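Working notes, beginning with the structure itself.
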Amino acid sequence: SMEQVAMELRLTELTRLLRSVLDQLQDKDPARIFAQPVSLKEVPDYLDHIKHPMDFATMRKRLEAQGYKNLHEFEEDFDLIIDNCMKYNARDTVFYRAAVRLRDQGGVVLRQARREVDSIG
């Protein structure tokens with residue numbers, strides 16, 4: 001149907017906007033601490049601690065499959081990156097501190113993303 005196509009075009013355009021958001025957030029992680037999944041070879045107990053691991057590569061796979069239907073879903077995954085790190089790692093670590101800085105810097109980007117998503121529809 002034409003309605004299905006129009007809905008698909010909306011999803012495609014959201015995907016474009018979320019790719020630009022993802023790029024901007026990942027720039028706020030210049031150490032590449034959140035770039036890839038925590039390795040279960042290197043941290044064998046991880047899944048005893050963290051029930052829903054997340055990382056930027058995994059988000060990018062989801063995004064390229066047009067797997068985010070709305071901004072809330074995308075933000076959920078970004079918050080997992082931050083929140084998982086702040087639980088597994090202590091306050092005094094470079095990992096926790098990287099997550100704080102990513103959260104604070106990313107807030108700015110996400111605040112305008114939400115306006116754009118609402119504005120363009």
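The way I read the labels, and the way they are meant: chains A, B, ... in the order of the structure tokens, residue 1 as the first residue of every chain, and ligand 1 as the first ligand shown, with later ones counted on from there.
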Problem - Residue contacts of residue A:24 (10 Å, only C-alpha atoms) excluding same-chain residues fewer than 4 positions away, as a ChimeraX atom specification - result: /A:18-20,28-29,105-106,109-110
Problem - stretch 87-93 of chain A surroundings by only C-alpha atoms, 8 Å radius, close-in-sequence under 3 positions cut, as a ChimeraX atom specification - result: /A:49-50,83-84,96-97
Would you mind exporting the chosen residues as a CSV table (one decimal), in the first residue's frame, restricted to C-alpha atoms?
```csv
chain,number,residue,atom,x,y,z
A,49,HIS,CA,26.5,-8.5,36.8
A,50,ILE,CA,25.0,-6.9,33.7
A,83,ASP,CA,24.2,2.8,33.3
A,84,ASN,CA,25.9,-0.7,32.8
A,96,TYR,CA,33.0,5.2,35.2
A,97,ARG,CA,34.4,8.7,34.7
```
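Minimum atom-to-atom distance to residue A:25, evaluated using only C-alpha atoms, belongs to A:79 out of A:42, A:79, A:118, A:8.
Counting only C-alpha atoms, the residue from A:27, A:22, A:52, A:41 that sits nearest to residue A:75 is A:22.
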Exercise for the section: Name the residues of chain A that come out as helix (DSSP H, G or I) in a backbone DSSP run; write them as a PyMOL selection string. Expected result: chain A and resi 2-27+46-49+56-64+71-88+94-120
